[PDB]
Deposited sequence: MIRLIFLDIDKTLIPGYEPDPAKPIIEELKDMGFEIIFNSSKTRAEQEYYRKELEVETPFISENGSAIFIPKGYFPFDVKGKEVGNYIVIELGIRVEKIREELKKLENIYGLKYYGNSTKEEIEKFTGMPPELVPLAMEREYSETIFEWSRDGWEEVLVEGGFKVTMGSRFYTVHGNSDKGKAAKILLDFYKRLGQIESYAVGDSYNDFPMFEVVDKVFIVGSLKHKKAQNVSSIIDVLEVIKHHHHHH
């Protein structure tokens, strides 16, 4: 049987932006025989950095399930796009930008982005390589969300800011990836997250953990990712 776990990153796997704290977690999960799938709002460029740093070479899912990346020849990258291109999102944000005082990646400076996100300077370039979504760092007037929703977009609160994306989510992407594993055998699925963008995942796995206080029906709350591992041991 295949044990697979979907791991969110920000505010779930690591405290901040440095990968180091997660090394022990990934090693332990690997020793326990898990297939570790990152499923984060982070861009593919950002996740490739974490993957390389943590030696994770499994499929991963980016920008709130907007795309599934499967390493060439992984199953006995191949990209499955499920969201919408970021240029279409920016076209609409541009129209709303000066109506709602919006600040997002496309209209903010590296400096602003660092201040908004608390991101280490050297990592900001990976965050700016967006393919299917935007992040709203701030606004000066409410109402833009309703407008984007009616325009066909999804607005989902993440670990730090709202994310504007297309017609997909972490669960739709997880569900599709889970089918690939099912062709290989029986699966015991887990999901670990921390915010609203993680809810769609919870609806598709057997066991669910939430790091922090956000409550969810099918989810068991814990204070940290370490706890998740302890619980799993049993």
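- Of the deposited sequence, positions 77 to 86, 245 to 249 lack any modelled C-alpha atom.
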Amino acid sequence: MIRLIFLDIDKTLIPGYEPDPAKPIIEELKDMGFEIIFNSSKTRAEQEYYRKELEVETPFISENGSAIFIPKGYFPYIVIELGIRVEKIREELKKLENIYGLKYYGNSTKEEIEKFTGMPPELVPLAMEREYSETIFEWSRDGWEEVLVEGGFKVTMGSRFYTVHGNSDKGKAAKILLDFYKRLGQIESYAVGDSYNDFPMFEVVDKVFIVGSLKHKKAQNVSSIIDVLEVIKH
From here on, numbers count along this sequence of modelled residues.
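- In this crystal structure, the stretch out of 35 to 43 and 65 to 73 whose C-alpha atoms carry the higher mean B factor is 65 to 73.
- For the pair 184 to 192 and 54 to 62, the mean Cα B-factor is higher in 184 to 192.
- Between the residues 106, 158, 151, 101, the entry's highest C-alpha temperature factor is the one at 151.
- Annotation for residue 113: CA B-factor lies in the middle third of the chain's modelled residues.
- Ranked within its chain, residue 119 lands in the highest third, by CA B factor from the PDB record.
- Sort the modelled residues of the chain by CA B factor and residue 207 lands in the highest third.
- In the PDB entry, residue 126 places in the lowest third of its chain by CA B-factor.
- Placement of the Cα temperature factor of residue 22 within the chain: middle third of the modelled residues, per the deposited record.
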